[PDB]
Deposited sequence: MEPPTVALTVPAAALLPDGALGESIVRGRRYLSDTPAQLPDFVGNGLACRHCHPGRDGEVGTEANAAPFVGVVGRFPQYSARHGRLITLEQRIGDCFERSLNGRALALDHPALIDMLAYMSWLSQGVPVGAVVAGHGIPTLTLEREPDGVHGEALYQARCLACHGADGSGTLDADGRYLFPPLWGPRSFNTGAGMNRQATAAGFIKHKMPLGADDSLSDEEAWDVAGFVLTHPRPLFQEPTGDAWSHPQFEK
């Protein structure tokens, strides 16, 4: 692997590319408001691909976009063939955002690509960045949703809600996003898989330490709930 670094915003180039990168960041951080025709729920890309300092997709083990562009095209078992990054983005509009894929030459899509390419600056094509993806956590027993419910009430509810519906900010964006129900990710999302949810939770939640057993069980509880069908 090569190490994960984030380029400096102050070194963004003047011109069409620089303007595209800035728009891309906003599409990824504020997706439902910026692309209403394509987003079917309350999630922005940043809700599973967080970043520091206003950026999106810069955190190890939370599927960073740093270095993503050099890994496509690649085989997708979902598709049964090689796909491009444009297509991959569409898949998460359809699944995690319960919406519709953008046309493959849509200017918003190209702006998102430009932002991902900027984050990937300096990464050798083909190289794998340390911390890419969301490493799974898998335990050798069933997730205990009773334990999970108790953990949820004690460790998660204050942000994500008794009903899993999250907490809105003053501008109508989710400060703390919905974990289940009609505004959350659909059943086609990667986050709907036990080992992926458990892995994400293990490394990233509660925001700002859970044991493996705790992450596994609370992921189990979260995933017992209804969400939109894909």
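In this chain the deposited sequence has gaps in the coordinates at 1-4, 213-215, 238-252, listed in sequence order.
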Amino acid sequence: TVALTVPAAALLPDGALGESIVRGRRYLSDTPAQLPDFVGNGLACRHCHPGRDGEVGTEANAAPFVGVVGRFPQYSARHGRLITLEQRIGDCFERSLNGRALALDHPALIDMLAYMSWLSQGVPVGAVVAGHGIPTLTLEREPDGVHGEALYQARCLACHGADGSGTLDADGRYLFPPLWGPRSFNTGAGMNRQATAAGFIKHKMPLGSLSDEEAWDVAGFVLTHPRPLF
From here on, numbers count along this sequence of modelled residues.
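Between two forms, the rigid core is the largest collection of C-alphas that superpose within 1.5 Å.
Comparing the two stretches 161-169 and 197-205 by root mean square C-alpha distance in 5 other deposited structures of this protein, with all structures fitted on the core, the more displaced one is 197-205. Judged by mean Cα B factor in the deposited record, 32-40 ranks above the other of 32-40 and 160-168. Higher mean CA B-factor, judged across 11-19 and 214-222 from the recorded values: 11-19. Remark: of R88, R71, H132, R81, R81 shows the highest value [criterion: C-alpha B-factor in the PDB entry]. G67 sits in the middle third of its chain by CA B factor, as recorded in the PDB entry. Among the modelled residues of the chain, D105 sits in the highest third by CA temperature factor in this PDB entry. Placement of the Cα temperature factor of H49 within the chain: lowest third of the modelled residues, per the deposited record. Ranked against the other modelled residues of its chain, the C-alpha B-factor of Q153 as given in the entry falls in the middle third. Among the modelled residues of the chain, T138 sits in the highest third by CA temperature factor in this PDB entry.
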